[PDB]
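**Q** I'm passing along query-v3.cif; it holds mmCIF, C-alpha atoms and all ligand atoms.
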```
data_work
loop_
_atom_site.label_atom_id
_atom_site.label_comp_id
_atom_site.auth_asym_id
_atom_site.auth_seq_id
_atom_site.Cartn_x
_atom_site.Cartn_y
_atom_site.Cartn_z
CA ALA K 1116 108.21 85.38 178.16
CA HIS K 1117 109.84 86.56 181.41
CA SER K 1118 108.52 88.57 184.38
CA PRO K 1119 109.02 92.31 184.15
CA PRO K 1120 112.44 93.05 185.67
CA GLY K 1121 112.26 93.09 189.47
CA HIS K 1122 108.93 91.15 189.50
CA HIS K 1123 108.01 87.48 189.95
CA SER K 1124 104.58 87.50 188.23
CA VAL K 1125 101.96 89.69 186.61
CA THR K 1126 98.54 90.64 187.96
CA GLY K 1127 95.95 91.36 185.31
CA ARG K 1128 93.31 93.37 187.06
CA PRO K 1129 90.08 94.24 185.21
CA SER K 1130 89.38 98.00 185.52
CA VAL K 1131 86.14 98.25 183.48
CA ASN K 1132 84.04 95.36 184.76
CA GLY K 1133 84.04 96.09 188.50
CA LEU K 1134 82.70 92.59 189.28
CA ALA K 1135 85.48 90.68 187.45
CA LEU K 1136 88.28 89.33 189.62
CA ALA K 1137 91.95 89.19 188.64
CA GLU K 1138 94.03 86.89 186.52
CA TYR K 1139 97.67 86.16 187.12
CA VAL K 1140 100.62 85.03 185.00
CA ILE K 1141 103.80 83.30 186.05
CA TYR K 1142 106.88 82.52 183.94
CA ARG K 1143 108.43 79.59 185.74
CA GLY K 1144 106.55 76.30 186.14
CA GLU K 1145 108.04 75.78 189.60
CA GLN K 1146 106.05 78.76 190.88
CA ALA K 1147 102.81 76.75 190.92
CA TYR K 1148 101.74 73.36 192.34
CA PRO K 1149 98.52 71.80 190.86
CA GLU K 1150 96.99 70.84 194.15
CA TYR K 1151 93.44 69.75 193.31
CA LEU K 1152 91.93 68.23 190.17
CA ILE K 1153 88.24 69.10 189.95
CA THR K 1154 85.89 67.15 187.66
CA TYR K 1155 82.56 68.85 187.02
CA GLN K 1156 79.65 69.68 184.70
CA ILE K 1157 78.25 73.14 184.18
CA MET K 1158 74.55 73.23 185.17
CA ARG K 1159 71.77 74.51 182.91
CA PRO K 1160 69.93 77.30 184.70
CA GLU K 1161 66.23 76.86 185.55
CA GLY N 952 105.37 60.16 190.07
CA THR N 953 101.86 61.52 190.56
CA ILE N 954 99.10 59.90 192.55
CA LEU N 955 95.54 61.24 192.76
CA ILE N 956 93.73 60.87 196.14
CA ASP N 957 89.98 61.02 195.86
CA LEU N 958 88.36 63.23 198.48
CA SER N 959 85.00 62.22 199.94
CA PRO N 960 82.15 64.85 199.88
CA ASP N 961 81.99 64.73 203.69
CA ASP N 962 85.63 65.84 203.89
CA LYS N 963 85.93 69.50 204.96
CA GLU N 964 88.69 69.87 202.31
CA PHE N 965 86.27 68.74 199.50
CA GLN N 966 83.75 71.23 200.85
CA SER N 967 86.08 74.21 201.07
CA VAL N 968 87.40 73.61 197.49
CA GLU N 969 83.86 73.19 196.17
CA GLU N 970 82.82 76.46 197.84
CA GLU N 971 85.69 78.37 196.18
CA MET N 972 84.70 76.91 192.85
CA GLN N 973 80.97 77.76 193.22
CA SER N 974 81.29 81.19 194.87
CA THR N 975 83.62 82.56 192.13
CA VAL N 976 81.33 82.05 189.17
CA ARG N 977 80.44 85.31 187.41
CA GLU N 978 78.68 86.51 184.26
CA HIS N 979 80.94 86.93 181.21
CA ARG N 980 80.70 89.62 178.50
CA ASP N 981 80.36 86.99 175.77
CA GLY N 982 76.96 85.87 177.11
CA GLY N 983 78.43 82.34 177.61
CA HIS N 984 79.88 81.92 174.12
CA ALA N 985 83.25 80.53 175.25
CA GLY N 986 82.41 78.64 178.49
CA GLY N 987 78.67 78.11 178.27
CA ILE N 988 75.62 79.38 180.06
CA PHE N 989 75.47 78.57 183.82
CA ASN N 990 75.38 80.07 187.33
CA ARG N 991 76.80 76.98 189.13
CA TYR N 992 78.50 73.61 188.70
CA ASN N 993 77.75 69.97 189.49
CA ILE N 994 81.01 68.89 191.15
CA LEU N 995 81.56 65.19 190.36
CA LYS N 996 85.00 64.52 191.84
CA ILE N 997 87.81 66.33 193.68
CA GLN N 998 91.22 64.70 193.76
CA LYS N 999 94.28 65.78 195.69
CA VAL N 1000 97.37 65.70 193.48
CA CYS N 1001 100.39 64.17 195.24
CA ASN N 1002 103.84 64.33 193.66
CA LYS N 1003 106.89 64.61 195.93
CA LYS N 1004 109.27 65.88 193.19
CA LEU N 1005 106.90 68.56 191.96
CA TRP N 1006 106.17 69.67 195.54
CA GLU N 1007 109.87 69.96 196.44
CA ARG N 1008 110.53 71.98 193.29
CA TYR N 1009 107.63 74.28 194.28
CA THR N 1010 108.77 74.84 197.90
CA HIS N 1011 112.37 75.41 196.71
CA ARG N 1012 111.29 78.16 194.33
CA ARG N 1013 108.87 79.57 196.92
CA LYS N 1014 111.70 80.12 199.39
CA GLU N 1015 113.86 81.89 196.72
CA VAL N 1016 110.97 84.20 195.91
CA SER N 1017 110.10 84.87 199.60
CA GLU N 1018 113.75 85.82 200.27
CA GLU N 1019 113.57 88.31 197.34
CA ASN N 1020 110.36 89.92 198.67
CA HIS N 1021 110.68 90.79 202.37
CA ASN N 1022 109.92 87.19 203.43
CA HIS N 1023 106.64 87.13 201.53
CA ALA N 1024 105.94 84.50 198.92
CA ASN N 1025 102.51 86.09 198.23
CA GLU N 1026 101.01 82.58 197.78
CA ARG N 1027 97.52 82.29 196.48
CA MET N 1028 95.08 79.46 195.59
CA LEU N 1029 93.89 80.04 192.00
CA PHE N 1030 92.10 78.25 189.17
CA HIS N 1031 93.71 77.01 185.96
CA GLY N 1032 91.71 75.83 182.97
CA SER N 1033 93.18 74.55 179.70
CA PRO N 1034 93.25 71.43 177.60
CA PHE N 1035 96.67 70.55 179.15
CA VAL N 1036 95.43 69.65 182.62
CA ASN N 1037 96.21 65.93 182.31
CA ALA N 1038 99.79 66.61 181.22
CA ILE N 1039 100.22 69.20 183.99
CA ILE N 1040 99.34 66.84 186.82
CA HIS N 1041 102.02 64.35 185.74
CA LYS N 1042 104.79 66.61 184.54
CA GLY N 1043 104.07 69.86 186.46
CA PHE N 1044 103.54 73.23 184.83
CA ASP N 1045 106.19 73.90 182.18
CA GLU N 1046 106.68 77.42 180.85
CA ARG N 1047 108.37 75.98 177.71
CA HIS N 1048 104.81 74.92 176.60
CA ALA N 1049 103.26 78.21 177.54
CA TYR N 1050 104.49 80.21 174.56
CA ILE N 1051 101.00 81.27 173.44
CA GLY N 1052 100.65 85.06 173.69
CA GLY N 1053 97.54 86.02 175.59
CA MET N 1054 96.68 89.47 176.94
CA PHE N 1055 99.57 89.42 179.47
CA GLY N 1056 102.02 87.80 177.14
CA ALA N 1057 103.29 84.27 177.03
CA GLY N 1058 103.26 82.46 180.36
CA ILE N 1059 101.15 80.27 182.63
CA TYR N 1060 97.72 81.79 183.35
CA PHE N 1061 95.54 81.52 186.52
CA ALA N 1062 92.22 83.11 187.51
CA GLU N 1063 90.31 84.10 190.68
CA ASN N 1064 86.96 83.46 188.90
CA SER N 1065 86.54 79.73 188.33
CA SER N 1066 84.18 80.65 185.42
CA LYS N 1067 87.07 82.47 183.74
CA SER N 1068 89.22 79.33 183.84
CA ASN N 1069 86.15 77.38 182.57
CA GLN N 1070 86.28 79.42 179.36
CA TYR N 1071 89.61 77.76 178.48
CA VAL N 1072 89.06 74.11 179.25
CA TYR N 1073 88.24 73.33 175.54
CA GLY N 1074 90.85 75.79 174.27
CA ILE N 1075 91.12 79.44 173.36
CA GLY N 1076 87.68 81.00 173.39
CA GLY N 1077 86.29 77.54 174.24
CA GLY N 1078 87.70 76.03 170.98
CA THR N 1079 84.99 73.95 169.25
CA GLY N 1080 83.52 72.95 172.63
CA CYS N 1081 83.36 69.39 173.96
CA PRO N 1082 84.92 66.55 171.85
CA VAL N 1083 81.64 64.54 171.74
CA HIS N 1084 79.00 67.17 170.87
CA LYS N 1085 81.07 70.22 169.69
CA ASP N 1086 79.15 72.28 172.19
CA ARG N 1087 80.85 75.02 174.24
CA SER N 1088 77.81 74.94 176.52
CA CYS N 1089 77.66 71.14 176.88
CA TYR N 1090 75.77 70.13 180.07
CA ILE N 1091 76.69 66.43 179.60
CA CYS N 1092 80.43 66.14 179.12
CA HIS N 1093 82.78 66.21 182.08
CA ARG N 1094 85.15 69.13 182.45
CA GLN N 1095 88.33 69.48 184.53
CA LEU N 1096 90.01 72.48 186.24
CA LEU N 1097 93.01 72.67 188.52
CA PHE N 1098 92.89 74.58 191.81
CA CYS N 1099 96.53 75.43 192.32
CA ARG N 1100 98.94 76.84 194.91
CA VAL N 1101 100.72 79.73 193.17
CA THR N 1102 103.69 81.88 194.32
CA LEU N 1103 103.22 85.46 193.03
CA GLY N 1104 106.04 87.22 194.92
CA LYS N 1105 106.29 90.82 193.76
CA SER N 1106 103.57 91.01 191.16
CA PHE N 1107 103.50 93.62 188.39
CA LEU N 1108 100.14 95.35 188.49
CA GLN N 1109 98.71 95.51 185.00
CA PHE N 1110 95.33 97.19 184.83
CA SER N 1111 93.36 95.72 182.00
CA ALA N 1112 90.65 97.24 179.87
CA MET N 1113 88.34 94.29 180.60
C1 LIG Z 1 94.90 75.46 173.53
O1 LIG Z 1 94.09 75.96 174.64
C2 LIG Z 1 94.64 77.06 175.31
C3 LIG Z 1 94.04 77.51 176.48
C4 LIG Z 1 94.52 78.63 177.18
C5 LIG Z 1 95.68 79.33 176.75
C6 LIG Z 1 96.17 80.49 177.52
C7 LIG Z 1 96.67 79.98 178.90
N1 LIG Z 1 97.65 78.88 178.80
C8 LIG Z 1 98.41 78.53 179.83
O2 LIG Z 1 98.15 79.04 180.92
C9 LIG Z 1 99.22 77.35 179.71
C10 LIG Z 1 99.69 76.75 180.86
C11 LIG Z 1 100.43 75.59 180.89
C12 LIG Z 1 100.75 74.91 179.72
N2 LIG Z 1 101.39 73.73 179.65
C13 LIG Z 1 102.02 73.11 180.66
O3 LIG Z 1 102.32 73.61 181.74
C14 LIG Z 1 102.42 71.87 180.32
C15 LIG Z 1 103.16 71.05 181.04
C16 LIG Z 1 103.33 69.90 180.38
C17 LIG Z 1 102.69 69.97 179.20
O4 LIG Z 1 102.08 71.23 179.13
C18 LIG Z 1 100.25 75.46 178.55
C19 LIG Z 1 99.50 76.65 178.52
CL1 LIG Z 1 98.92 77.25 176.85
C20 LIG Z 1 94.97 81.35 177.79
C21 LIG Z 1 95.02 82.81 177.27
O5 LIG Z 1 95.87 82.95 176.12
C22 LIG Z 1 97.19 82.69 176.65
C23 LIG Z 1 97.39 81.24 176.84
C24 LIG Z 1 96.28 78.86 175.57
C25 LIG Z 1 95.78 77.74 174.88
ZN ZN Z 2 79.41 67.18 175.18
#
```
Represent the supplied structure as structure tokens.
**A**
Amino acid sequence: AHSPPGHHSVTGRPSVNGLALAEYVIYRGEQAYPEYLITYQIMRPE
Amino acid sequence: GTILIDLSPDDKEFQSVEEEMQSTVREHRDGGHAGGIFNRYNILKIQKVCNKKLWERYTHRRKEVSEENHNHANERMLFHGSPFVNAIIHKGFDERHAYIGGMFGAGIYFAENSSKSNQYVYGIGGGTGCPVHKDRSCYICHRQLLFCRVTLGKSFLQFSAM
């Protein structure tokens, strides 16, 4: 895909769940730099 | 082209990245179906990704965007989760591989909630979970996310029904 004309990205902003933060979409790979690689496990709650 | 520099846990940079990862976990409406059930992570390793070509390509585009948007790149630090993380760190993001239509169309997706990106590490909707146990909520297998520098420029505001 391509950005909407006159835009460089899309912001997907949840409007129903008021605690959910945004997502974002870009359409050129040069518009991001993968700065940190994070290796992790999810933790089982107590 | 790419080297990975391991950060020590006593490094302020390790600590600030860990805090962004931990503090942006939320509950998900699938009850943990896709990404598993958790409130926090065990961070095992944080590596700085160093690639001079990819960085110069990034800063070149960032300046073009900034000049198109009243000198404002609108740069953010955002999470990316997918099964393509190991290809991304060597080759850079490539929109030619990002042809899968999600909610905001084809493109390269990032999230403010680390737990949102965690839903995609094993594929769409968590895929079949980890390779070893086929468990979307695996507490054993190691996962990887990218914490990325992203130029948004002028961003189309799409309100979503989520
Ligand atoms: C198969 O698992 C998937 C996980 C998430 C997605 C969505 C987000 N995808 C992207 O953000 C995305 C980003 C980057 C790349 N690839 C590269 O940049 C790349 C470079 C070199 C090799 O690959 C591929 C994809 Cl699919 C999540 C929601 O649905 C829409 C697609 C699609 C499939
Ligand atoms: Zn596993």
**Q** For residue 1142 in chain K, work out the shell of residues within 6 Å, counting all atoms listed in the file and skipping chain neighbours fewer than 6 positions away, then give it as JSON, numbers by chain.
**A** {"K": [1117], "N": [1046, 1058]}
**Q** Residues contacting ligand ZN 2 (chain Z) - anything with an atom at most 6 Å away, using all atoms listed in the file - can you give me those as a count of residues only?
**A** 7
**Q** Once you count all atoms listed in the file, what closest atom pair and distance in Å to one decimal does each residue of chain N within 9 Å of ligand LIG 1 (chain Z) have, with rows by chain and rising residue number, as a tab-separated table?
**A**
```
residue	atom	partner	partner_atom	distance
N:1031	CA	Z:LIG1	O2	7.0
N:1032	CA	Z:LIG1	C4	7.0
N:1033	CA	Z:LIG1	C3	4.5
N:1034	CA	Z:LIG1	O1	5.5
N:1035	CA	Z:LIG1	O4	5.5
N:1036	CA	Z:LIG1	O4	7.7
N:1037	CA	Z:LIG1	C17	8.2
N:1038	CA	Z:LIG1	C17	4.9
N:1039	CA	Z:LIG1	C15	4.6
N:1040	CA	Z:LIG1	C15	8.1
N:1041	CA	Z:LIG1	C16	7.8
N:1042	CA	Z:LIG1	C16	5.5
N:1043	CA	Z:LIG1	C15	5.6
N:1044	CA	Z:LIG1	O3	3.3
N:1045	CA	Z:LIG1	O3	3.9
N:1046	CA	Z:LIG1	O3	5.9
N:1047	CA	Z:LIG1	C13	7.6
N:1048	CA	Z:LIG1	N2	4.7
N:1049	CA	Z:LIG1	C19	4.2
N:1050	CA	Z:LIG1	CL1	6.7
N:1051	CA	Z:LIG1	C23	5.0
N:1052	CA	Z:LIG1	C22	5.1
N:1053	CA	Z:LIG1	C22	3.5
N:1054	CA	Z:LIG1	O5	6.6
N:1055	CA	Z:LIG1	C22	7.7
N:1056	CA	Z:LIG1	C22	7.0
N:1057	CA	Z:LIG1	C22	6.3
N:1058	CA	Z:LIG1	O2	6.2
N:1059	CA	Z:LIG1	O2	3.7
N:1060	CA	Z:LIG1	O2	3.7
N:1061	CA	Z:LIG1	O2	6.7
N:1068	CA	Z:LIG1	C4	8.5
N:1070	CA	Z:LIG1	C3	8.5
N:1071	CA	Z:LIG1	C3	4.9
N:1072	CA	Z:LIG1	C3	6.6
N:1073	CA	Z:LIG1	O1	6.5
N:1074	CA	Z:LIG1	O1	3.3
N:1075	CA	Z:LIG1	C2	4.7
N:1076	CA	Z:LIG1	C3	7.9
N:1077	CA	Z:LIG1	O1	8.0
N:1078	CA	Z:LIG1	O1	7.4
```
**Q** Counting only C-alpha atoms, which residues of chain N sit at most 7 Å from some atom of chain K, and what is each one's closest atom pair with its distance in Å to one decimal, listed by chain and rising residue number, as a Markdown table?
**A**
```
| residue | atom | partner | partner_atom | distance |
| --- | --- | --- | --- | --- |
| N:988 | CA | K:1159 | CA | 6.8 |
| N:989 | CA | K:1159 | CA | 5.6 |
| N:990 | CA | K:1160 | CA | 6.7 |
| N:991 | CA | K:1158 | CA | 5.9 |
| N:992 | CA | K:1157 | CA | 4.6 |
| N:993 | CA | K:1156 | CA | 5.2 |
| N:994 | CA | K:1155 | CA | 4.4 |
| N:995 | CA | K:1155 | CA | 5.1 |
| N:996 | CA | K:1154 | CA | 5.0 |
| N:997 | CA | K:1153 | CA | 4.7 |
| N:998 | CA | K:1152 | CA | 5.1 |
| N:999 | CA | K:1151 | CA | 4.7 |
| N:1000 | CA | K:1150 | CA | 5.2 |
| N:1006 | CA | K:1148 | CA | 6.6 |
| N:1008 | CA | K:1145 | CA | 5.9 |
| N:1009 | CA | K:1145 | CA | 4.9 |
| N:1012 | CA | K:1145 | CA | 6.2 |
| N:1013 | CA | K:1146 | CA | 6.7 |
| N:1040 | CA | K:1149 | CA | 6.4 |
| N:1043 | CA | K:1144 | CA | 6.9 |
| N:1044 | CA | K:1144 | CA | 4.5 |
| N:1045 | CA | K:1144 | CA | 4.6 |
| N:1046 | CA | K:1144 | CA | 5.4 |
| N:1056 | CA | K:1116 | CA | 6.7 |
| N:1057 | CA | K:1116 | CA | 5.2 |
| N:1058 | CA | K:1142 | CA | 5.1 |
| N:1059 | CA | K:1141 | CA | 5.3 |
| N:1060 | CA | K:1140 | CA | 4.7 |
| N:1061 | CA | K:1139 | CA | 5.1 |
| N:1062 | CA | K:1138 | CA | 4.3 |
| N:1063 | CA | K:1136 | CA | 5.7 |
| N:1064 | CA | K:1136 | CA | 6.1 |
| N:1090 | CA | K:1157 | CA | 5.7 |
| N:1091 | CA | K:1156 | CA | 6.7 |
| N:1092 | CA | K:1156 | CA | 6.7 |
| N:1093 | CA | K:1156 | CA | 5.4 |
| N:1094 | CA | K:1155 | CA | 5.3 |
| N:1095 | CA | K:1154 | CA | 4.6 |
| N:1096 | CA | K:1153 | CA | 5.3 |
| N:1097 | CA | K:1152 | CA | 4.9 |
| N:1098 | CA | K:1151 | CA | 5.1 |
| N:1099 | CA | K:1149 | CA | 4.4 |
| N:1100 | CA | K:1148 | CA | 5.2 |
| N:1101 | CA | K:1147 | CA | 4.3 |
| N:1102 | CA | K:1146 | CA | 5.2 |
| N:1103 | CA | K:1124 | CA | 5.4 |
| N:1104 | CA | K:1123 | CA | 5.4 |
| N:1105 | CA | K:1122 | CA | 5.0 |
| N:1106 | CA | K:1124 | CA | 4.7 |
| N:1107 | CA | K:1125 | CA | 4.6 |
| N:1108 | CA | K:1126 | CA | 5.0 |
| N:1109 | CA | K:1127 | CA | 5.0 |
| N:1110 | CA | K:1128 | CA | 4.9 |
| N:1111 | CA | K:1129 | CA | 4.8 |
| N:1112 | CA | K:1130 | CA | 5.8 |
| N:1113 | CA | K:1129 | CA | 4.9 |
```
**Q** Would you mind reading off the distance between CA of residue 954 in chain N and CA of residue 967 in chain N, one decimal, in Å?
**A** 21.1 Å
**Q** Go through N:1010, N:1022, N:1065, N:959 one by one, measure the shortest atom-to-atom distance of each to residue 974 in chain N using all atoms listed in the file, and give the residue with the smallest value.
**A**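 The answer is N:1065, which sits nearest to residue 974 in chain N.
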**Q** Would you compute the distance between CA of residue 968 in chain N and CA of residue 1085 in chain N? Give it in Å to one decimal.
**A**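 A separation of 28.7 Å between them.
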